[PDB]
There are 2 protein chains.
Amino acid sequence: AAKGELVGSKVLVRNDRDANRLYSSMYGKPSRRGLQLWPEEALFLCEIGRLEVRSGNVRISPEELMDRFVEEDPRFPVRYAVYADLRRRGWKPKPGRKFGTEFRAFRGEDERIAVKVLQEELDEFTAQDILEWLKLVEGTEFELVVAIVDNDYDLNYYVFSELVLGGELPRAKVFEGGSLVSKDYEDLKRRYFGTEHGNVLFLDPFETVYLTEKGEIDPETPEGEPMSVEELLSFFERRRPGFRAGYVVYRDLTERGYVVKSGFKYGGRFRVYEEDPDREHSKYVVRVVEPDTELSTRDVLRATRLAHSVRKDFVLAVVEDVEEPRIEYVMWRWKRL
Amino acid sequence: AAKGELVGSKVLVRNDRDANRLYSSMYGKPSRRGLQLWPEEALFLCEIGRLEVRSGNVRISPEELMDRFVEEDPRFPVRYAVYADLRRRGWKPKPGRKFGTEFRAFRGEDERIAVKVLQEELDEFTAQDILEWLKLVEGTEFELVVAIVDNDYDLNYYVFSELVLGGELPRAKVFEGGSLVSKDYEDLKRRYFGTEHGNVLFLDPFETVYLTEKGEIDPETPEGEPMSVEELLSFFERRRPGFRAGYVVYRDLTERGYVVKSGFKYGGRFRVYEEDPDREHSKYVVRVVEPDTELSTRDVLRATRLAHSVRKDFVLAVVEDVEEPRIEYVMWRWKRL
C-alpha cells in the first residue's frame, strides 16, 4: 500500500512511484510537495487497502479516519456516500470547486458529469438555484447530475437538462370550472380542445382563457355579456393557485402545437402531447413554478419516480416573467449511473 | 320514457308505474307528490333516454338540462362526473347529506360507500378534515371513498381507512446527521438499527434519539459529554422540519417492533417493515402530519400512485398530541370501483 501523511484535511503521498500510480487512476491533485488526496479519496483508498495513513507517527485506521473527517465536516459522510458509489460504479470523481459542484466525474473518453450533492432534509433550494446550477455547465461537455442522499445513505441520481420546445365564433358560457359550448363546437373538439360530454363541449379554465385570447370563442356571462381575457384571468385565479403563470405556459405550449391537458393524474399541472392525444400517450408531465418558488429533494424524487412509472418525461417550467412572457424549461430525469 | 316535471332543481315523476320502476333501480326519493329526482339522477336518466323533462310546457333537452344545472350550481358537473361514472360502473348512488358526503352508493348486497367528491384545484382540506370524514362512517358498513375529479373530468377513487398498529452501552458520537458508533455495535446492527459502512455503524437522527431514550446507546458531544433526549431533539430539529412529531411516530412504530427507515425513495418520511428488512420489502410508506396540516388532492394522487408503483400501502400518521403522545393512522388506497 502507498504511504500517506495526513496534514490538515489532505493526505500527502510523497513517494513518486506511488503518487504516479494513484494519479493514473485519477486520485489526487499534484502539488509542490507531492500528490495531495482529498478526504473522500484518502478514505476510499484506505478502506480498500491501497493507502496507509499516518498523522505524525500515529497510524490512522479507516474507522478513525472516517471519525476525523466527520468531526471536521458534518457533511462529509453525505458527500462520501456519493463519492464511494461513483467509484464503485466505474466513475472517476474529482473533488473541487469547478461548476459549483462537489465533484466532476469522468468515465471512458466521453462521459463527463458535474455532481451536485443534496441531503434529504438539510438542503433547500429554489427554481432559480436550478437555473444557476445549469448555467454553470451550459455549453460544456459536462452534464448536471444531482445526487440525493437519504438519511440512511441510500442514493438517487438525476440528470437536469435544458428543454427547448419545438413548433361567428362559438358561444362559451363561463362558469367556475371553465365554460360550456353547446353549439358549433365540433371544430374545436376535433382540434382536441375541451372535453365532450353527450352533446356539449366543456372547456377547462386555461382552454377558456386561451381560446378567448386567440379569437376562437366568445365567452359570456350568464346575462350574455362578453368577458375579456383579463376578466377571465381575474375570475379564475381567485381560487386557483399560480393561475397566471400556469396560463402563460399553457399558452406557450398550445401556440406551438402541443396539446395540453390536466397533468393531475401523473402528478403535474399539465400532461403534454406532441400531436394526437387519441393516438399517442402524452410525452411530458409539467409543473409550473417561478424563480423564487421553493423546491425540495422530495419534489425531485416524487416527480421523476411518478413520471418514470408511466414512461413520461418530467419538466419544470419556470415562468421568469409573466407579462412578457419569459419561460424556460428544465427536464428532470431519474438516471442509473 | 318516463315523464318528469322540473320544479326548482328537482324532477318530479307523477306516474305511479314509472315512479315505481325508476325507484326499483334506486333512482329518486319518494315524496307526497311523487318520485323526486335529484339533478344528477334526472340528467343521467334524460341522457340515456329513460326520462323526458318539461319545465312548464317546455321540453328541456339533455343539453339544456346540463346548462340549467351548471348555472344553478357551478359544482354540479364535478359531482355529475362521479355520479355518471358510478352508475356506469354498476353502483347505485344516492345523493343526500348522510355522512357529509355527496353520495351514498350501493352495489350488490354487501358494497356500501360514502363518496366524498373533491375537485382538483378548488377543494382544500386538512388532516383534521380527513379524521372528521372518517369519524362519520366509523362503526358503519360504509367505507369512505374519496373521488377526485380533475379539471377535464377524469376520475380517481381512494378508500380512506383506519389503520391500527400491531405489536456499558455503546458510545454514539453525535453529529448533524445522527451519530457514529465505532465499537460494540453488532447487536444494534443485527436488530436492524443503523447503516453499517465498513466497520462503523451510522445511526440516523431518529435512531439516535430513540436509542438514547430507550437506554441502548450513550450519545456524546465531541468533548465526550452526554446529551439528553431533549438536547438531541433540540439539536436535530433546527434544520429538520416536523422533527418532534416525526420522532413520536418513529418511536411508536419501533416500540411495537416495526423496523423504520427513511421513506424518501418511496415518497414518504418513513418506510416501515414488519420484521426483517433483509428478507422482506417494507410494507408501509408513512407521512407524518398534524391535524392542522394543509393537504391537497395532489398529495392523495401522488402518495398513492407512488406507493402503488412499488406495491406498498401509503399511511398518513396524524400526530394529534406530541407530548402524550396521541397518534392516529389513516391508510389511503387507490382503488378501482
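Values below: every heavy atom of this structure, side chains too, minus hydrogens, waters and symmetry copies. Below, chain A is the first sequence line, B the second, and so on; all start at residue 1.
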Quiz item: Any chance the side chains of A:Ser282 and A:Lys312 put a donor and an acceptor closer than 3.5 Å?
Solution: yes
Quiz item: Is A:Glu40 salt-bridged to A:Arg79, cutoff N-O under 4.0 Å?
Solution: yes
Quiz prompt | Donor on one side chain, acceptor on other, B:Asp278 and B:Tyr192, under 3.5 Å | solution = no
Quiz prompt | chain A interface, residue from B:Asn151, B:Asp67, B:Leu122, B:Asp150 that has the most non-hydrogen pairs under 4.5 Å | solution = B:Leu122
Self-check item: Contact class of B:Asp154 relative to chain A, heavy atoms under 4.5 angstrom
Solution: side chain
Quiz item: Checking heavy atoms, do the side chain of A:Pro62, its backbone, both or neither come under 4.5 Å from chain B?
Solution: neither
Quiz item: For B:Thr297, is it the side chain, the backbone, both or neither that has a heavy atom under 4.5 Å from a heavy atom of chain A?
Solution: both
Self-check item: Interchain contact, B:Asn156 with chain A, by part (heavy-atom threshold 4.5 Å)
Solution: side chain
Exercise. Using a cut-off of under 4.5 Å on heavy-atom pairs, state which of B:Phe264, B:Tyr80, B:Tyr266 scores highest against chain A.
Key: B:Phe264
Self-check item: Under 4.5 Å from a heavy atom of chain A, the part of B:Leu306 involved
Solution: both
Quiz item: Given that the side chain runs from C-beta out, which part of B:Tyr153 has a heavy atom under 4.5 Å from chain A: side chain, backbone, both or neither?
Solution: side chain
Quiz item: Looking only at side chains, do B:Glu102 and B:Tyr83 share a donor and an acceptor under 3.5 Å apart?
Solution: no
Exercise. Just give me the residue among B:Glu71, B:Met66, B:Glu64 that pairs up with chain A most often, heavy atom to heavy atom, under 4.5 Å.
Key: B:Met66
Quiz item: Do A:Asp184 and A:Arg171 meet the salt-bridge criterion of a basic N to acidic O distance under 4.0 Å?
Solution: no
Quiz item: chain B: which of A:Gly194, A:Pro77, A:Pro222, A:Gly198 shares the most heavy-atom pairs with it under 4.5 Å?
Solution: A:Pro77
Quiz item: Is the closest side-chain donor-acceptor distance between A:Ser296 and A:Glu124 under 3.5 Å?
Solution: no
Quiz item: Hey, are A:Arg239 and A:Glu176 close enough for a salt bridge, meaning a charged N less than 4.0 Å from a carboxylate O?
Solution: yes
Quiz item: Would you say the side chains of B:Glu237 and B:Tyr247 form a donor-acceptor pair under 3.5 Å?
Solution: no
Quiz prompt | Side chains of B:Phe270 and B:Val288 in contact at under 4.5 Å (non-hydrogen atoms) | solution = yes
Quiz item: Is chain A contacted by the side chain of B:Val78, its backbone, both, or neither, given a heavy-atom distance below 4.5 Å?
Solution: neither
Quiz item: For the ring pair (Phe, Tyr, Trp, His ring centres under 6.0 Å) test, which of A:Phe175, A:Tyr210, A:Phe243 pairs with A:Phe236?
Solution: A:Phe243
Quiz item: Under a 4.5 Å heavy-atom cut-off, does chain A meet the side chain of B:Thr195, its backbone, both or neither?
Solution: side chain
Quiz prompt | Pairing residues for B:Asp123 by the side-chain contact (heavy atoms from CB on, under 4.5 Å) criterion, not counting sequence neighbours | solution = B:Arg75, B:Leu118, B:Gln119
Exercise. Considering only heavy atoms and a distance below 4.5 Å, find which of B:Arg240, B:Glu207, B:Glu47, B:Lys173 pairs most often with chain A.
Key: B:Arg240
Quiz prompt | chain B contact via A:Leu203 - side chain, backbone, both or neither, heavy atoms under 4.5 Å | solution = neither
Quiz item: Where on B:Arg238 is there a heavy atom nearer than 4.5 Å to chain A: the side chain, the backbone, both, or neither?
Solution: neither
Quiz prompt | Under 4.5 Å from a heavy atom of chain A, the part of B:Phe206 involved | solution = neither
Quiz prompt | chain A interface, residue from B:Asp204, B:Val70, B:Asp152, B:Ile148 that has the most non-hydrogen pairs under 4.5 Å | solution = B:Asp152
